[PDB]
Engineer: 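Quick one: the structure is below, questions incoming.
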Amino acid sequence: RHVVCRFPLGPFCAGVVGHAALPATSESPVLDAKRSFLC
Amino acid sequence: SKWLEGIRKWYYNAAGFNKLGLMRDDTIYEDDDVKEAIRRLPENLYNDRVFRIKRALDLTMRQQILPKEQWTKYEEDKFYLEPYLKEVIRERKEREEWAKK
Amino acid sequence: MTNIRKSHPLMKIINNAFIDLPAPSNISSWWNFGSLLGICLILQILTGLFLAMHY
Amino acid sequence: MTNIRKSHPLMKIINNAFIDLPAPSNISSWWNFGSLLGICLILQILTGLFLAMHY
Amino acid sequence: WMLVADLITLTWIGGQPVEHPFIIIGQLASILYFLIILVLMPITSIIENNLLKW
Amino acid sequence: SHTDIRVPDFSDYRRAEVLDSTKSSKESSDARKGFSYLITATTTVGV
Amino acid sequence: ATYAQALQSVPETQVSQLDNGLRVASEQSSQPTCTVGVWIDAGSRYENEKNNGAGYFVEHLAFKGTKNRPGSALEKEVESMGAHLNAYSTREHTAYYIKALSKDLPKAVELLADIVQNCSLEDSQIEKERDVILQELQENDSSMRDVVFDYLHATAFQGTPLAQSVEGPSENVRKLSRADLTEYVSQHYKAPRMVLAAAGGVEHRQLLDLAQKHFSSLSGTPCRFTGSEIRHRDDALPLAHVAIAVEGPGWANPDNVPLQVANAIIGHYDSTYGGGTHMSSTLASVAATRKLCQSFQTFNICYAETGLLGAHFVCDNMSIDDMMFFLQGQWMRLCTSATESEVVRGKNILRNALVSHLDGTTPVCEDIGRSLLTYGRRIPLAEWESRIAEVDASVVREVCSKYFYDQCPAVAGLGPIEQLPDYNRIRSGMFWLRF
Amino acid sequence: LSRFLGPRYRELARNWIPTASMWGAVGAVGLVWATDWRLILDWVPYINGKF
Amino acid sequence: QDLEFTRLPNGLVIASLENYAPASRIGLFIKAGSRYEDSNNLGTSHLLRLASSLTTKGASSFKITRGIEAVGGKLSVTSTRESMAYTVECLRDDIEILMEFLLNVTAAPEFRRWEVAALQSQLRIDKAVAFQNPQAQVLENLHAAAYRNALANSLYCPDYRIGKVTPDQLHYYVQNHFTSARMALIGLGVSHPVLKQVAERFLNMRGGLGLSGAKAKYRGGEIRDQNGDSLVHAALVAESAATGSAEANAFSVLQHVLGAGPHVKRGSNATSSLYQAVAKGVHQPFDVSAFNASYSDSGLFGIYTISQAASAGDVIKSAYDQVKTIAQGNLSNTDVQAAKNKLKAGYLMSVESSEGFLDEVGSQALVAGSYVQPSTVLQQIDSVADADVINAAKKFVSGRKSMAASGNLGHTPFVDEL
Ligand code: HEM
């Protein structure tokens, strides 16, 4: 593989919804998954 | 066509907006399409148009006219607004045709 | 503080209608007649009223 | 697009006067009489006018 | 200005009685009024537009 | 703290047709709207 | 191949039933990975005020340990395989699924069985999860869309189980004991009310024999929609959330197909959409042009015998009114004057949504389980396309008139909603004098 | 007004023709009732008792 | 069937797979992004990504929007740091239509002053929406700190450049980066000859091998953001290997050894070495994973930690200590095997979806110029030895550190203190 999609978290960090135009950006694995367990 | 060119020049001289320093596109009635076209004009053209219109209004306020050699010449009159207005009207026609379907 | 002519409601209406109204600078005498009409109307009332006191 | 009621000048005035005017929720029947006065006035204008056609 | 002169003609004829020349001049004046306002003015404006290349 | 709130009991104001919570309101909607609009229509006829 | 040929070539969903009533369904697609999950027909709507948080509580401590894999061991096993274990519980369904390599199909199924049947509710684990759930509620408050939709459910289905939130009241969470959770699991986690679904590399015979191995040792109120409103006035919030709905149809009602089309005509918008003023949806175009809305979307949330059909939007303080106006106007148009071209566009949007949502083993498994729970069968995409093709402008107008025109809605507002029109004004907006 | 000479407006008309016809009947009945036409009210079975 | 991979004479790479799915998905991947911006055109890629529905030579903005929405299709632009992928997805019958629109968006853009000026504010709106979650800001600061150029550029336009991206800059960017040799046209549900024909019709005017940016120079700096948030997000990384190399596979296996993300909802992440190492001394809400960015010329590997403001230092030091212990050789073969299983499963799940498969094929075509079957990827994954993972951990521990932090800070250490 040669994509920045290394782990399910991180890539597609900030992808906005849309139709007929919906830009998205992809950074690298940035955690925050399982963070919501506790406030 | 030469007679057509002559009568067009005669009418341009008769329509006295050139006597005010104006250009043809300055006198156009500002409807929605013209308003959009003006809003699409580059800054230099918009500023030139605004100053020309203001000068014409100032001249008409005093009931005076621009000097004979300062009148806009028919052959050097530039249709600056025409392309932008054509594009705006084309876009409006496309939207209306889509609405017809 | 504020300006009464710009803040008071009736003064706001009057100022925006007849005082601070942006008006074109090149309008000729042919634009007077509108106001003239108003004057005529006012006259046609006043005079008319003083005719109704006896008619 | 817009709303004709909230955009048109006369419609703006009417909407802000009698349609979307914020009014207290607890005003009793004693606040009716105001409108009643207007009603009465209109009546006196109409009825009286028809008396002026024969008086 | 033709329309204004036509309105003046109509006023003058409305003053005048209903006799031989006044009837025909009034008919022509009314026809001209409606023709100028309805037909002649839009066509002339289109001609001017074509003369100004727009 | 949005889950501990519940709509207060409006049963003291509900029409007799919509008192039971285990019965759908789609059947009684026509009757209720018909009653209200019949009142309105009679009012309009008198006016 | 054409679109119809591609639809007809979609692999069919094979369904079998165990002797105890469990329904085992699979969709093989010849992939290295596969999703396998259990969908239980249990949720908030099957709970009363005494145990309104039982389902969410059980879901919270489903993976924390079992009678055979105490404590964290279960998790490690899943993590050892590279499998992803996930769960959720809505107002009507619960689901525990695993994404794993098809070679790991047996173990995963076994794990699921252990999660469903032999769940061990340790008291210390129960207290830990109670604290976690209380903090989760305090965090859920921050999420405005969830709050507004919970308010919509509470006001629309007041006096009925559907009004109850999935998580339940904090007092109910504190009161819930091991006995209540065990009773809830015993009553609701029963074989006839569960579906074992799988999609991907699974083979139906393998899944069926695995289910017979592990799941054999298993046990053998129409809600009333009320037109009302909940307004949580809070001027400190930056934006106002509004959710307005009307009584919708059930899962089995055919009218779900045209109604979705109708919603597809209304469409959705967000401030980050690049379509802008050129959006086909007139409401979306108006919202983009006038900056009336940060984001709005139409929804069709169906339940067993009822549903919420409407829209949700986020607006500035001074825009709510206008947005509502336009939104209602859109509905009225569909009820009175719906044209063929926009209906065709909505049908294309619905077809695209149906085909796109079913991309991936997990979405296909979720579709299989939810369809078996609700419809009792897996509706093939060919049948969906036939139902969509049956829709035209007249059908859209008739169905929208049936469900929208002159109907009492349920409204939920939250934030600076001072401009939110009064319920009488909204109700008046739900019909047209010209029509 | 070629902007409105399209298939959609033809469909739009057909959707609103029954409504416009109904409002026209309201106007017709209203005019007859308000003015007591009696050219039309003579046909009406019970109203014709008057005059 | 299988993937039909082909290289055109101009350098364009077209690949097509016919899976007979009812939906068709076509992507055009271009080697253009923030990496290929200089100090004078910062933010150009952002506006270009936001400008996928502007007027073009073939179709107008209204025509593009209405035509795409009429058939229910969707056109999206995904811009990573060193690539930009346009993609249109719709039904199998209508795909051809969208194809034209797609190649009008990229091959023949027409940036008109009024349209670009109207679009300018969308940059601010999109950046605010993206930065609603702190991870984006922390990552942008991390990439700015780690690299001196190229990869230093952020995915979003700088605030001072919001209203200053001229149409000429967009035209220059498109001309110098949207070239044939930097492009790849991948299709799912599309026949190969049709894709080749469309590529010939549109993607031939611009000669290949456009303007090439410089190699990213590692900086090893630090960027600390004081925004007063209760939770501190910290990212501490060091230069790893570039993508496509064996050491990159070693770094990915190391990331899955430490723990990339949870596999159980609300789970304790027992197999996550970093999580357990931090938990032993921290009893507050926390989260720690291994950050791994792989790029064409370089890469970053490190730890990303979300922690309490007063406990950030403890969490960061615990995670760093765990990585150091792994570097010293405290790595069991069973743990390596489990991480390899996690990596293989994650890769297969990623390529399982249509979007995932499309982006994977596009990235492979844009980086290696060829497609690699997932079997070969798995074989490469399992070829990693424990020694390789230990060496990658050593390289992280004994390498120049770059850190980006965002939160109340105060108790957050500095790069030197680590
Ligand atoms: C606030 C408004 C008005 C008030 C309070 C008012 C009051 C009165 C009163 C008390 C009378 C004596 C009637 C009687 O003794 O039989 C009267 C008579 C009359 N009013 Fe009015 N009036 C009002 C407006 C008008 C208007 C607007 C008109 C005409 C346009 C009008 C025309 C007349 C006439 C002609 C009479 C004499 C007819 C008669 O006495 O039967 N009034 N008015």
Side-chain angles (χ1 to χ4, degrees), chain G residues 1-3 5-7 9-10 31-33 60 63-64 72-76 78-88 99-101 104 129 132 135 200 264 267 271-272 274-281 341 344-353 355-356 359-363 381 385, chain I residues 18 20-23 50-53 60-66 68-75 77 89-94 118-119 122 125-126 129 189 256 259 262-272 285 334 337-338 340-346 348-349 352-356 374:
Chain G
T2 58
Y3 173 61
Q5 301 173 14
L7 289 175
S9 67
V10 177
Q31 305 177 29
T33 57
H60 244 245
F63 308 144
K64 309 304 286 185
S72 174
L74 171 76
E75 306 178 5
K76 313 183 66 62
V78 181
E79 297 169 353
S80 62
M81 295 187 302
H84 284 282
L85 172 53
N86 194 264
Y88 69 85
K99 315 172 54 58
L101 304 180
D104 294 323
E129 236 55 38
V132 170
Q135 296 193 208
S271 59
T272 57
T277 69
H278 306 294
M279 215 91 179
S280 305
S281 312
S341 59
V344 170
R345 182 237 307 175
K347 294 197 303 178
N348 284 333
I349 291 178
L350 186 54
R351 297 189 186 104
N352 270 268
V355 300
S356 303
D359 173 59
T361 58
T362 299
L381 287 179
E385 215 290 322
Chain I
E18 180 66 22
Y20 300 111
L50 300 182
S52 52
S53 60
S60 60
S61 186
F62 176 87
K63 178 174 177 56
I64 291 177
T65 304
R66 295 304 184 96
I68 290 185
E69 295 176 344
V71 299
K74 292 177 295 296
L75 158 66
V77 192
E89 52 174 332
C90 56
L91 293 185
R92 172 155 302 203
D93 294 356
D94 309 313
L119 229 171
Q122 189 66 28
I125 291 184
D126 181 59
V129 172
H256 281 88
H263 291 241
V264 177
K265 158 164 287 186
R266 293 178 290 263
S268 58
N269 302 10
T271 55
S272 299
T334 302
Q337 187 69 13
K340 293 184 187 183
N341 297 5
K342 296 178 192 176
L343 228 185
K344 298 178 179 180
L348 295 189
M349 293 172 196
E352 193 272 307
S353 174
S354 178
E355 313 183 4

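Per chain, numbering begins at 1; letters A, B, ... match sequence-line order. For the numbers below, each heavy atom of this structure counts, side chains included, while hydrogens, waters and symmetry mates do not.
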Engineer: Measure across I:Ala345 and G:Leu101 and return the closest heavy-atom pair with its distance rounded to 0.1 Å.
Structural biologist: CA-CD2, 4.0 Å

Engineer: Please rank I:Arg92, I:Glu89, I:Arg66 by heavy-atom pairs under 4.5 Å with chain G and give me the top one.
Structural biologist: I:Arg66

Engineer: Name the option with the most non-hydrogen atom pairs under 4.5 Å to chain I; the candidates are G:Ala1, G:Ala264, G:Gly82, G:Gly267.
Structural biologist: G:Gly82

Engineer: Do G:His278 and I:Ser53 come within less than 4.5 Å of each other through their side chains, counting heavy atoms only?
Structural biologist: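 With C-beta onward as the side chain, the pair stays apart.
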
Engineer: So, does G:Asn86 use its side chain to make a donor-acceptor pair with the main chain of I:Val264 at under 3.5 Å?
Structural biologist: no

Engineer: Grab the two heavy atoms, one from G:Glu75 and one from I:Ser268, that are nearest each other, plus how far apart they are.
Structural biologist: OE1-OG, 2.9 Å

Engineer: Could you report the tightest heavy-atom contact between I:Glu69 and G:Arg345, atom names first, then the distance?
Structural biologist: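 Between these two residues, the closest heavy atoms are O-CG, 3.3 Å.
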
Engineer: If you count heavy-atom pairs within less than 4.5 Å of chain I, which of G:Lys99, G:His60, G:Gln135 leads?
Structural biologist: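 With the most close heavy-atom pairs to chain I, the winner is G:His60.
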
Engineer: Looking only at heavy atoms and a cut-off of under 4.5 Å, which of G:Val78, G:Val132, G:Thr361 has the most pairs with chain I?
Structural biologist: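 Highest number of heavy-atom pairs under 4.5 Å: G:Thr361.
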
Engineer: Can you name the closest pair of heavy atoms from I:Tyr20 and G:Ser9 and give their distance?
Structural biologist: O-OG, 3.8 Å

Engineer: When only pairs under 4.5 Å are counted, which of I:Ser272, I:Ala23, I:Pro374, I:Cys90 shares the most heavy-atom pairs with chain G?
Structural biologist: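 The option with the most such pairs is I:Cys90.
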
Engineer: Between chain I and each of G:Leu7, G:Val10, G:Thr33, count heavy-atom pairs under 4.5 Å; write down the option with the most.
Structural biologist: G:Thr33

Engineer: Looking at side-chain heavy atoms only, is the closest gap between G:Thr272 and I:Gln122 below 4.5 Å?
Structural biologist: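 Yes - at least one pair of side-chain heavy atoms lies under 4.5 Å apart.
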
Engineer: Which heavy atom of I:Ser353 sits nearest a heavy atom of G:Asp359, and at what distance?
Structural biologist: OG-OD2, 2.6 Å

Engineer: Please identify each residue that fulfils side chain to side chain contact (heavy atoms under 4.5 Å, CB included) with I:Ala70, with sequence neighbours left out.
Structural biologist: B:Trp98

Engineer: Restricting to non-hydrogen atoms, name the atom on G:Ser271 and the atom on I:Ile125 that form the minimum distance, rounded to 0.1 Å.
Structural biologist: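 Minimum heavy-atom separation between G:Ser271 and I:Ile125: OG-CG2, 3.9 Å.
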
Engineer: Please classify the contact between G:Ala100 and chain I as side chain, backbone, both or neither, with a heavy-atom cut-off of under 4.5 Å.
Structural biologist: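 Only the backbone of G:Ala100 comes within 4.5 Å of chain I.
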
Engineer: Side-chain contact test, heavy atoms from C-beta onward, threshold under 4.5 Å: evaluate it for G:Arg351 versus I:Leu91 and give yes or no.
Structural biologist: yes

Engineer: Between I:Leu50 and chain G, which part of the residue has a heavy atom less than 4.5 Å away: side chain, backbone, both or neither?
Structural biologist: neither

Engineer: Relative to chain G, which segment of I:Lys74 carries a heavy atom at a distance below 4.5 Å: side chain, backbone, both, or neither?
Structural biologist: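 Side chain only.
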
Engineer: Counting heavy-atom pairs closer than 4.5 Å to chain G, which one of I:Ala51, I:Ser61, I:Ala21 comes out on top?
Structural biologist: I:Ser61

Engineer: Go through the structure and list residues passing salt bridge (charged side-chain N to carboxylate O under 4.0 Å, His left out) with I:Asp126, not counting sequence neighbours.
Structural biologist: I:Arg49

Engineer: How long is the gap from NZ on I:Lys265 to CZ on G:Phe63, to the nearest 0.5 Å?
Structural biologist: 8.0 Å

Engineer: Report which part of G:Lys347 has an atom under 4.5 Å of a heavy atom belonging to chain I: side chain, backbone, both, or neither.
Structural biologist: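 Neither the backbone nor the side chain of G:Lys347 comes within 4.5 Å of chain I.
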
Engineer: Looking only at heavy atoms and a cut-off of under 4.5 Å, which of G:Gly360, G:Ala6, G:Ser280 has the most pairs with chain I?
Structural biologist: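 The candidate making the most pairs under 4.5 Å is G:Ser280.
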
Engineer: Quick check on G:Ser341 against chain I: is it the side chain, the backbone, both or neither that has a heavy atom closer than 4.5 Å?
Structural biologist: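 Interface part for G:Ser341: neither.
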
Engineer: Could you give the distance from CG (I:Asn269) to NZ (G:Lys76), rounded to the nearest 0.5 Å?
Structural biologist: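 Answer for the CG-NZ pair, I:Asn269 versus G:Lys76, is 10.5 Å.
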
Engineer: Please state whether the side chain, the backbone, both or neither of G:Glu79 comes within less than 4.5 Å of a heavy atom of chain I.
Structural biologist: both

Engineer: Would you compute the distance between atom CE of G:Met81 and atom OG1 of I:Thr271 and round it to the nearest 0.5 angstrom?
Structural biologist: 11.5 Å

